[PDB]
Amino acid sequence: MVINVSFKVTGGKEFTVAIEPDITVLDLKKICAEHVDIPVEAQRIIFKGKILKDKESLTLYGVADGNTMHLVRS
């Protein structure tokens, strides 16, 4: 089962993906890199006032269907 997560990306860009809620932050960055021109190592995913940590499952942060995150460059 998948949930939708939307991204607001620097430069007025937006996309939504359907993801398994227990993938890691790094998994999510790999998805983001297939949707926008920011390589994984330059991405910072901002959610709930934090820079999310690569090795952690998104469930640790309580990600929910319909949430929006921000994607910025290092």
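Don't overthink the numbering: it's just position in the shown sequence, from 1.
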With respect to C-alpha B-factor, does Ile23 fall in the lowest, middle or highest third of the chain as deposited? highest
When the deposited Cα B-factors of this chain's modelled residues are ordered and cut into thirds, is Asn67 in the lowest, the middle or the highest one? lowest
Third of chain Cα B-factors occupied by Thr59: highest
For the chain shown, is the CA B-factor of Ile31 in the lowest, middle or highest third of its modelled residues? middle
Third of the chain's Cα B-factor distribution that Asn4 belongs to, per the entry: middle
